[PDB]
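Chains as they are written, first to last, in the deposited numbering: chain C, 194 to 386; chain A, 194 to 386; chain B, 1 to 578; chain D, 5 to 474; chain F, 161 to 319; chain E, 3 to 319; chain G, 169 to 209. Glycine included, each C-beta is placed from N, C-alpha and C at the ideal position. Reading through the structure tokens given below for one structure.
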Ligand SMILES: Nc1ncnc2c1ncn2[C@@H]1O[C@H](COP(=O)(O)OP(=O)(O)O)[C@@H](O)[C@H]1O
Ligand SMILES: [Mg+2]
């Protein structure tokens with residue numbers, strides 16, 4: 194819970210030049226990155242995780258490859274965030290559910306990630322959550338829906354897919370917490386059509 | 194029942210130039226006007242109800258708006274029937290099963306109009322039957338066949354749909370009645386794809 | 001064997017109760033008339049029989065007896081000069097019984113039980129026979145039919161009947177474990193006949209026409225695909241490569257097509273001539289015949305019957321050309337089969353296992369050493385014909401994935417009167433790199449180099465065809481007009497071939513090599529004549545080109561008396577110029 | 005007649021019957037209501053528990069208390085005879101002309117036994133239809149099936165009735181074949197309306213072409229299962245006449261699209277999963293079942309020629325009905341909407357039409373020695389006249405060559421003297437006379453596809469002298 | 161949403177050009193919202209409080225994280241209040257029905273939970289009847305001063 | 003051990019057969035199905051319950067019945083017997099040897115599904131294996147411990163590129179810090195559905211230049227049943243992970259036609275009555291391709307690599 | 169030419185997708201029709 198949801202009025206400085214000048218997301222904003230394979234979409238997510246103004250970064254990656262997870266684990270403790278000094282890994286909570294790992298757990302990975310981002314939001318920080326391949330979460334919901342013998346709608350996905358997806362993207366926001374202090378959580382969701 | 198069915202050799206004068214010159218309709222003939230939403234179906238059928246040389250006109254609103262039946266109720270007594278001097282509302286029967294009325298009555302609404310037109314055919318008149326939205330009768334049959342838990346044909350419709358359509362459109366056609374004198378029903382049907 | 005009764009009749013699906021112990025995909029006789037149907041979906045005590053014919057007239061309570069054995073073929077002597085159908089029911093004896101129609105429940109046997117054959121054994125009592133071992137001979141049509149032990153039977157032999165005039169039901173040898181062995185055996189048409197070693201393709205299937213063995217070989221034990229459009233000369237090409245073939249047993253499979261499109265096979269094919277003895281071609285040809293109104297299961301099983309008969313003839317040690325016409329017809333019969341079984345379709349309407357069935361058809365075709373110890377081959381030249389005329393259906397794509405050559409007939413060339421109508425810009429053959437040492441030994445050591453040279457000239461003519469189409473051949477430079485004229489002489493002499501001619505119907509490798517070297521020598525000597533500066537006009541009107549024109553209308557008895565003199569005339573008439 | 009009372013489940017068209025094991029599969033039943041009205045039905049899904057019956061008509065007065073089913077004719081037959089050559093029937097076979105019922109010489113099952121492919125000849129002799137652009141450019145031969153690929157608004161019933169009242173075998177063109185073979189037309193009209201039914205009975209009683217023709221006409225308010233059974237009745241009367249009395253039979257099947265829609269709705273009523281684009285999976289075999297009941301037979305003298313007519317649903321040849329029909333039949337002749345709006349009858353463009361079995365049934369002894377070459381030359385000349393007509397819109401009349409203006413005038417004269425026939429009846433001699441009068445416009449030497457003997461015999465003829473089309 | 165709020169803040173009847181005298185009767189506003197996230201809701205309530213309309217409006221709000229089945233009852237109870245205020249107290253109610261595509265996917269959810277045969281693209285066969293029973297509850301009646309005008313908003317999926 | 007043959011089949015429809023009161027079978031167990039003649043088939047236990055368990059039969063169910071058919075239990079987890087002498091031999095799609103030689107005396111029997119690697123134990127691929135192809139050397143670069151597909155077509159030579167970079171690819175340590183004796187190299191080559199022409203072509207290309215003494219072959223013809231085409235990449239990657247993470251090889255794996263693997267997966271996946279995805283391919287095909295692509299890579303602590311080249315033809319380009 | 173061919177191939181593939189969804193729903197409803205009798209027992 195919160196006390197009050199505010200309006201976003203301060204940009205989320207992604208450190209790029211096309212994603213903050215021409216098409217900016219604010220601090221309590223929600224953004225979505227589509228794109229086919231070989232079109233970036235991983236270096237942009239890692240650039241959001243490296244060069245941002247956010248205090249903490251929750252990097253939840255569900256359904257994608259593990260070389261990216263070990264890349265983030267290898268090359269973050271050598272870098273330095275340009276806010277307080279010290280290692281870059283001392284502000285990242287990273288949740289990995291690789292594609293060879295079980296498929297009903299990447300539903301839970303997204304909720305675990307956004308609950309951790311809301312926990313660091315409820316203290317006064319400005320969390321950035323990078324939710325990577327939410328389409329693989331839609332495929333996990335398709336898997337359990339077809340295992341449960343439900344009617345599909347539009348290529349196998351369950352009819353409550355848009356409701357679950359809206360209830361995930363609705364948790365991002367610029368609020369004042371119950372402690373009086375203000376906080377924010379932004380969500381960048383990479384979708385892989 | 195009927196004594197004989199003549200072959201048609203006399204046009205149903207609509208009044209519109211294209212529909213009477215290039216694509217005519219005989220007095221014992223059927224006709225079908227499909228088109229998307231906003232194309233000109235209901236204005237055309239009210240034009241046929243307003244200007245054609247039918248002795249009586251049966252207007253069957255089968256699952257359409259209430260404002261476009263209120264128009265026919267309000268502004269027809271202000272007009273004058275051709276071939277006589279009495280007002281235009283004095284020659285029309287108006288069956289009106291609108292959109293928010295119960296859906297199971299649309300089959301009954303599309304049959305009550307054709308049997309009233311057959312009754313005025315059996316008196317020696319020349320009846321026009323403007324039935325709009327036979328596709329709404331088809332959709333009503335689909336909604337009631339869902340409750341019958343049957344197996345449908347293409348698009349969801351029950352498989353007896355074209356038998357119903359053939360039995361509906363076959364009830365027209367320039368007859369010599371049981372009383373010896375001749376009459377006709379001509380059916381103009383709007384289809385909404 | 002196992003006799004139940006009908007309890008439910010829905011369409012061609014007869015649910016028969018009582019049959020506990022019946023086998024799956026097992027033939028059975030449903031009804032008092034006898035209706036052949038295969039058993040699917042055993043459920044408890046019952047069995048769902050898919051019946052081949054129409055069930056209109058069957059009541060409930062009628063007996064269903066079980067055969068015990070799957071859809072099989074009766075392999076033995078008495079098949080050549082034979083017109084069968086998709087489940088091997090001889091159509092001529094049905095014509096002899098029941099008139100011009102095929103009444104449902106005509107039971108005729110696949111082989112003639114009344115014809116007396118001339119047995120001659122090659123075993124003796126005390127011998128130890130394992131499977132595939134030839135145990136006798138029977139002369140069929142000037143054709144030593146070698147009777148095999150069935151390929152999963154072994155033991156010690158006794159009671160060998162002496163050399164006499166027997167019939168196909170009489171057992172000829174008896175093992176010492178019971179187990180008599182007749183002249184025939186039933187083999188299931190869907191499991192492959194066992195062999196001991198598949199060889200590799202390094203020996204060419206000599207087609208007979210000098211494009212499909214020079215430019216696009218097929219390598220005996222191989223696999224080709226030809227598309228059939230209308231007006232392409234399809235039937236004359238199939239008849240020519242079955243008449244003039246390298247093979248010595250031909251198996252034709254018409255797998256369900258138009259009635260008028262194969263009743264002119266069944267009247268034009270038994271009047272051909274075997275050009276090695278003089279008799280008709282049907283004395284070494286088996287012909288499976290389906291029109292499009294036969295039952296679906298026969299029209300789907302016809303190619304498996306064809307491949308199993310052709311593997312029976314390779315097991316004796318022979319060369320079999322199987323030509324399965326119109327595999328797309330088969331594929332939609334399989335699609336209809338899968339539609340009554342309530343399956344989720346694939347890419348167009350097809351089953352998910354269309355390419356698995358096509359792989360099981362085409363990959364049962366290779367050069368092999370049999371269980372007896374001698375080589376044999378089932379080279380398949382099976383055709384295809386999509387209904388749209390475009391090559392992007394699932395059937396043609398799966399076929400192009402699993403074949404080794406493709407020979408694009410186009411109807412434009414037969415409209416242009418270029419027979420055979422093989423488009424070379426769209427055909428391909430992958431057996432060129434593997435047939436190299438056979439060419440190097442048995443033809444000449446330089447044969448692939450001038451094969452690539454003629455392919456290079458036919459590449460460059462169609463490469464600069466656009467300038468000829470935009471302008472006309474009289475305004476090309478010098479050498480480009482030489483390219484179009486030598487490509488023209490390649491087309492109008494070498495590639496084109498009259499199948500109805502006396503001696504142009506067949507062209508061996510030596511004759512093709514001769515015309516090949518003659519054309520290429522004329523090209524790369526007239527090129528040097530242009531390098532002198534001689535005008536193009538005196539090269540074209542020149543009397544030695546008549547020799548290259550009638551290079552192909554020459555018997556191969558007299559081609560080593562013609563090739564040398566023409567090759568001397570080319571050098572003479574190109575050293576006489578300035 | 006041992007009627008089965010005690011039923012359950014009337015629903016839709018279907019009704020279940022308890023304790024019916026003696027009903028054979030495919031049998032026909034009479035369903036008597038408590039009022040006394042008798043309906044007809046067909047038994048499907050017979051079992052020990054209950055037998056399903058699909059009712060022909062509607063199920064209105066039926067109830068579970070007063071209803072009885074009785075067996076009639078345990079497989080569907082018709083009584084066939086020679087005395088039915090002037091009669092009209094409705095789908096099942098009841099006479100609708102008011103004349104008394106026929107006395108059946110035989111009682112034949114209506115479903116087809118397939119011909120034995122050993123026992124078929126090659127279809128080698130021709131049949132004229134009177135229509136010049138069917139007789140000349142793509143000939144129908146005796147033993148051929150070929151459809152007319154009509155369109156939506158196009159006049160297919162008119163060409164159906166014209167070919168019906170105009171077809172004739174001419175044995176004079178052989179070496180004096182006798183006229184002891186008679187000709188007969190079987191005409192199955194399915195899915196038709198009242199208007200076009202009145203049109204066919206007017207058209208067949210007008211010219212007197214009803215004495216050699218037998219009609220199987222059912223309307224659209226008739227049951228759809230009668231639309232299934234109608235081509236079976238037509239083809240078994242055809243096979244009876246042609247293989248028992250040596251007739252030359254022409255089977256005209258009007259609106260094969262309506263048959264396919266009836267088949268789809270009966271499959272979905274009998275509760276099975278459709279296949280490709282909603283049409284049933286067994287459609288190829290069930291459609292080759294009534295396409296492949298045509299052709300000559302060895303040892304018999306009679307023949308069954310067949311013209312199915314079908315409308316493409318939105319004028320495309322990739323729909324399953326014309327796709328499978330052209331995948332069974334021998335070519336097609338295709339009506340063009342463009343020539344009909346231009347105003348031309350019969351509106352047949354010969355550029356997408358094809359007779360796959362034409363070249364067998366023409367030549368010397370069949371029609372004339374120049375028939376194939378005239379057909380090929382007219383096809384090439386019209387095919388390169390149309391694109392010159394399209395080209396002159398952007399270049400200009402004077403800026404073409406001589407030969408291009410000659411082909412343009414050829415195309416202009418062709419599609420209003422050769423195709424635009426009207427209802428004139430042309431034999432093959434008048435049709436080839438008009439064809440050589442059209443080829444006389446192009447100069448000699450441009451007629452490349454004709455032998456010089458036929459050019460020397462026939463080139464040079466006025467159009468305003470022959471009066472075949474003045 | 162900006163176009164709907166602009167229409168809601170500047171729609172006025174013209175009494176002088178019509179010829180019915182003059183009173184300048186303003187609009188009551190019924191605002192039904194089904195899955196507005198937080199940004200659309202913030203824009204609408206700031207626009208309404210900036211133009212001074214929340215003393216004339218009644219809002220039936222349904223946020224994006226609220227449960228997705230009460231979207232079935234949201235438009236019906238908005239238009240119940242609209243029909244009441246127009247036809248028994250003679251107001252001039254303007255009804256803004258935000259984002260009907262969320263209502264249609266809510267009824268697709270409850271119609272695919274019940275295994276019902278769909279129409280096109282998975283939406284059930286009675287969606288025409290549900291959208292009709294919502295929409296057709298508007299207009300004017302005879303002899304009474306009221307009116308229900310409707311502006312729904314639709315998000316066309318692939319536009 | 004002890005053999006426990008279940009009798010009492012109740013339903014056999016497609017590849018599916020229902021064994022009743024088979025409570026003692028686990029999910030995903032491997033069974034063999036003895037016919038009433040003596041011909042044993044294989045199958046896998048799906049959908050275990052208290053009243054029936056659904057065996058999916060691997061091969062075709064031709065000849066089975068309800069009286070004489072037995073279902074035994076063979077090795078609950080699908081293991082493979084792997085030893086180190088496999089280098090230089092040819093195998094079936096399952097793993098049985100087809101070269102005229104006696105089988106493998108196994109050193110270790112490890113499962114073929116393979117456990118997922120832990121992303122804190124994986125390290126970065128940071129070195130260089132050199133193929134002979136100049137583009138794949140200079141412009142693109144096959145890093146030691148990654149996977150990269152070769153997208154090809156129909157009339158495009160992809161088998162020849164496979165047989166080329168299978169025989170002339172090597173790692174070269176002399177440009178790095180040396181240890182040249184320390185690191186050996188090996189090739190695992192799995193062909194999934196090939197013509198006999200392609201079979202003889204790869205066997206000639208591997209016995210032509212002495213390239214077979216480094217490599218292991220898991221060839222699969224199109225005559226073979228579809229379950230061998232499903233099981234081929236898992237056998238090849240089991241042998242690859244053994245040789246890379248037990249003896250410090252630098253295994254290069256070539257999966258030469260994944261399109262036939264996907265078509266075999268679509269064929270065997272239309273038996274669970276599950277709605278397919280895009281064009282008939284199943285909804286779980288991302289997870290099934292990922293469970294055989296993610297098994298590449300390098301692990302910290304070790305020195306071995308698994309480097310995958312999936313070659314696959316676009317069905318249309 | 170290839171732009172129109174790509175649009176045609178895209179539309180044909182998505183129409184085949186909708187047809188395959190419809191024939192999945194019909195198989196599901198036929199199983200649910202059959203379950204009525206097995207519950208009737
Ligand atoms: N024949 C016509 N003449 C003049 N205006 C027309 C005509 N047809 C349509 N319109 C205009 O377009 C609107 C179309 O309404 P309508 O035809 O009822 O749509 P639909 O046919 O989809 O129900 C009409 O309200 C009118 O404003
Ligand atoms: Mg309307």
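query                                                                                                           : result
Contact set for residue 374 (chain B): own chain, Cβ-Cβ below 8 Å, skip 5 residues either direction             : 317
Same chain, Cβ closer than 7 Å to residue 234 (chain D), five either side skipped, listed in chain order        : 95, 192, 194, 220 and 222
Residue 362 (chain B), enclosing beta strand (DSSP E) - first and last residue                                  : Where residue 362 (chain B) is concerned, there is no enclosing beta strand (DSSP E), although the alpha helix (DSSP H) it sits in stretches over 354-362.
Residue 253 (chain D) beta carbon less than 8 Å from that of residue 124 (chain D)                              : no
Contacting positions in the stretch 186-197 of chain G - beta carbon closer than 9 Å to chain D                 : 187, 190, 191, 194 and 195
The alpha helix (DSSP H) enclosing residue 231 (chain D), as first and last residue numbers                     : 228-248
Assigned exposure category for residue 216 (chain A) - 16 Cβ within 10 Å defines buried                         : exposed
C-beta atoms of residue 19 (chain E) and residue 63 (chain E) nearer than 8 Å                                   : yes
Rounded distance between the beta-carbons of residue 384 (chain A) and residue 364 (chain A), thought under 8 Å : Actually they do not touch by this definition, with Cβ atoms about 17 Å apart.
Rounded straight-line distance, which links the Cα of residue 149 (chain E) to that of residue 207 (chain E)    : 23 Å
Where residue 344 (chain C) sits in the DSSP three-state scheme                                                 : coil
Proximal chain E residues relative to residue 175 (chain G), where beta-carbon distance stays under 8 Å         : The premise fails here: residue 175 (chain G) is roughly 15 Å from chain E at the closest Cβ pair, so nothing lies under 8 Å.
Listed by chain order, chain D residues near residue 549 (chain B) by CB distance under 7 Å                     : Result: empty, since nearest Cβ-Cβ is about 22 Å, beyond 7 Å.
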